[PDB]
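Naming: A, B, ... by sequence-line order, numbering from 1 per chain.
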Amino acid sequence: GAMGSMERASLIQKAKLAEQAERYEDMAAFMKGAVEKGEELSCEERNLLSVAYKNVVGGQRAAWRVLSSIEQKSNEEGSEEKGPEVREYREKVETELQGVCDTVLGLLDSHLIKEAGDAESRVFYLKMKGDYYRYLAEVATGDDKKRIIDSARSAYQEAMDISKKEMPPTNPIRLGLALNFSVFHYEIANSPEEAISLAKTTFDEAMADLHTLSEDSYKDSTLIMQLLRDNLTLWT
Amino acid sequence: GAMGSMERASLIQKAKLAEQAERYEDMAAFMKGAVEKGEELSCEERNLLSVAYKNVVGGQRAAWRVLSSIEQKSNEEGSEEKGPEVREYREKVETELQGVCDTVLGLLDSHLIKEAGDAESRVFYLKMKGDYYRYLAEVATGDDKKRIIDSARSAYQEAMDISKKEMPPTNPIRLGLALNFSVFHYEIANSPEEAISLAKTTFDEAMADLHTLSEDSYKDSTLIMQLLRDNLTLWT
Amino acid sequence: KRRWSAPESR
Amino acid sequence: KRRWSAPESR
Ligand SMILES: [Cl-]
Ligand SMILES: [Cl-]
Ligand SMILES: [Mg+2]
Ligand SMILES: [Mg+2]
């Protein structure tokens, strides 16, 4: 790997520089190198890993959606035939997106998840596993789509079980996990009622725990609660 | 070259798709492939080439400026020594930026400029040559900085001479050339008075020609005149 | 408006 | 505010 010769601490330092420069492909490559050093990641390092790949895949997903929409219009009745280019280029972006998801899932499987023993790290990584299988599911159309969806479901479900047992209802990782699992239900698993129920119960249980929090923790939790509320407003 | 097997028209079609998807690295690679087919570029194709590389290098320049600023602070008195990482990563981004500028300049030299006989194409390409030498000059610090600056000056000067002889003062290419040459004077060549004089004369000669224009041409010209005016406001 | 998914802590 | 350079026609 191209980062094999760089110190772990230098990789982390450069990931932070790349973040400041909004160079998220570089940031992801640096954090991949840091993971491949084989030591567990701290809370901050896990967040650096997550931010980098979220931004990389977010750009690819946005581009895939633009191209998929163009492609769908090209296949309408009365559309002029333009040749294979739209499909080809959508497939190119899709393949690159899948490659990024496979890379992240490979880091989680070798060997982030199996070494993660604390609730905060184990839930964080399982949420990530659910997220990147969900991004694979967004573009899946073939005979493996059901298995991809079930892999996302299973990762989210294990993360939910641990988070409910080991974390308070206001924990921001627990909240963001529930938010993403609710989006999975709504737009991947064709279960909008499950999505709405999860979002509401998650919001209501966090509301009831806010009184235990410092001012700074209150700010962190209410920020994600507002996203749950916004989704509920959109969905009902 | 990786685009050697794709039809010229398919490259152009995919460049437009990449533009819509804001995938400017892909867009630039497609347009590089189209240039390498060896045929001259139409007005629209020249604009596709320019937009793609402008966006690619614009992202690298923005990142280089962030990193250079961090590096400068690290070299202040009382700054804690953090090691070579900031310099290393700034050099990485700088090298990638230089590579993009060299690629563009190579396309212009082989063989866009020598085949460009019409004023509109020849001025467009010479402006581009000045632009990408200017971007090289922004990061140059060594024994070639003076030669880089003079290469930018020379390209802009030849473009200005042709544009003054062959194009009306409201032509948007002429206006954008003068805008960029004025920025070259102001922040590359340490000649703010020349920058201000060029911006004012360019604005005033365009103002006097607006009456000849259709509504749509008037809109195109006044848009760039407003940028000249904004720079004059900033500089005086 | 497009639904929210979880933002990054950073 | 950072000075303008020429925008892209497209
Ligand atoms: Cl393609
Ligand atoms: Cl580096
Ligand atoms: Mg119902
Ligand atoms: Mg004076």
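- When the candidates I224(A), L228(A), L179(A) are compared by the number of heavy-atom contacts under 4.5 Å with chain C, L179(A) comes out ahead.
- In this structure, the portions of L227(A) lying under 4.5 Å from any heavy atom of chain C include both its backbone and its side chain.
- By the ring-ring contact (aromatic ring centres under 6.0 Å, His included) test, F124(A) pairs with no residue at all, sequence neighbours left out.
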Every donor-acceptor pair from chain C to chain A under 3.5 Å, please, each on its own line.
from, atom 1, to, atom 2, distance (Å)
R3(C), NE, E187(A), OE1, 2.7
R3(C), NE, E187(A), OE2, 3.1
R3(C), NH2, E187(A), OE2, 2.9
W4(C), N, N231(A), OD1, 2.9
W4(C), O, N231(A), ND2, 2.9
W4(C), NE1, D230(A), OD2, 2.8
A6(C), N, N180(A), OD1, 2.7
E8(C), OE1, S50(A), OG, 2.8
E8(C), OE1, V51(A), N, 3.2
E8(C), OE2, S50(A), OG, 2.7
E8(C), OE2, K54(A), NZ, 3.2
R10(C), NE, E19(A), OE1, 3.4
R10(C), NE, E19(A), OE2, 2.9
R10(C), NH1, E44(A), OE2, 3.1
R10(C), NH2, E19(A), OE1, 2.7

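- In this structure, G176(A) and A6(C) approach most closely via the heavy-atom pair O-CB, 3.5 Å.
- Interface remark: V183(A) contributes side-chain atoms only to the contact with chain C (heavy atom separation under 4.5 Å).
- In this structure, the portions of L48(A) lying under 4.5 Å from any heavy atom of chain C include both its backbone and its side chain.
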